[PDB]
Amino acid sequence: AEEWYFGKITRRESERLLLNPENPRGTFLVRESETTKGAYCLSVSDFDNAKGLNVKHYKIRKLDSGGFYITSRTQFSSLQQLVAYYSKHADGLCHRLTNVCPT
Amino acid sequence: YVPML
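Protein chains in written order, with this note's numbering: chain A, 36 to 138; chain B, 278 to 282.
See the structure below:
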């Protein structure tokens, strides 16, 4: 669904964008991984009543057999199917995906 | 990154 695909942005910049106080918990973006070539990253804003605003990063790996996954047991045939899925069920993530990060 | 298996 493209608006949430931010491509080549750094971890630092994704955190700057996501840690905007006005974003609801579960605001997210998908970007390329800086450190693991060929992997993507799902970056999500989260709240802890201790840490407060913070961002969790979930590496999205590509199976050679083709699929995408964050945890081994749940694989997806595309990034857009993975985003639709975690927008409905948190299923291991800190929180379900809610808003697409602005811009 | 959250270390996920």
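Don't be surprised by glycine CBs; every beta carbon is placed ideally from N, CA and C.
- Message: I'd like to know if residue 107 of chain A contacts chain B, where contact means its C-beta is closer than 8 Å to some C-beta of that chain.
- Response: Walking along the first sequence from the start, residue 107 of chain A turns up at place 72. Yes, residue 107 of chain A counts as interfacial toward chain B.
- Query: If residue 67 of chain A sits next to residue 42 of chain A, beta carbons under 8 Å apart, how far is it from one beta carbon to the other, in whole angstroms?
  - Reply: In the first sequence, residue 67 of chain A corresponds to position 32, counting from 1. In the first sequence, residue 42 of chain A corresponds to position 7, counting from 1. Their Cβ separation, rounded to whole angstroms, is 6 Å, which keeps residue 67 of chain A and residue 42 of chain A in contact under 8 Å.
- With residue 180 of chain A as the anchor, note down where its beta strand (DSSP E) starts and where it stops. Beyond the ends of chain A as shown, which are 36 and 138, falls residue 180 of chain A; an answer cannot be given.
- Starting from residue 93 of chain A, find everything on chain B with Cβ-Cβ shorter than 8 Å and list it in chain order. The count along the first sequence starts at 1 and reaches residue 93 of chain A at position 58. Simply 278, 279, 281.
- Return the CA-CA distance between residue 118 of chain A and residue 37 of chain A, expressed in angstroms with no decimal places. In the first sequence, residue 118 of chain A corresponds to position 83, counting from 1. In the first sequence, residue 37 of chain A corresponds to position 2, counting from 1. Distance between the alpha carbons of residue 118 of chain A and residue 37 of chain A: 10 Å.
- Item | Of the listed residues A:82, A:78, A:97, nearest to residue 107 of chain A (C-alpha basis) | Locating residue 107 of chain A in the first sequence gives position 72, counting from the first residue. Checking every option, the nearest Cα to that of residue 107 of chain A belongs to A:97.
- Would you kindly report the start and end of the unbroken beta strand (DSSP E) that includes residue 80 of chain A? Taking the first residue of the first sequence as 1, we reach residue 80 of chain A at position 45. From DSSP, the beta strand (DSSP E) with residue 80 of chain A extends over 75-83.
- Anyone know if the C-beta pair for residue 128 of chain A and residue 90 of chain A falls short of 8 Å? The count along the first sequence starts at 1 and reaches residue 128 of chain A at position 93. The count along the first sequence starts at 1 and reaches residue 90 of chain A at position 55. No, the pair does not count as a contact, with Cβ atoms beyond the cut-off.
- Which stretch, first to last residue, makes up the alpha helix (DSSP H) that contains residue 60 of chain A? Within the first sequence, numbered from 1, the residue matching residue 60 of chain A stands at position 25. No alpha helix (DSSP H) contains residue 60 of chain A, which DSSP labels as neither H nor E.
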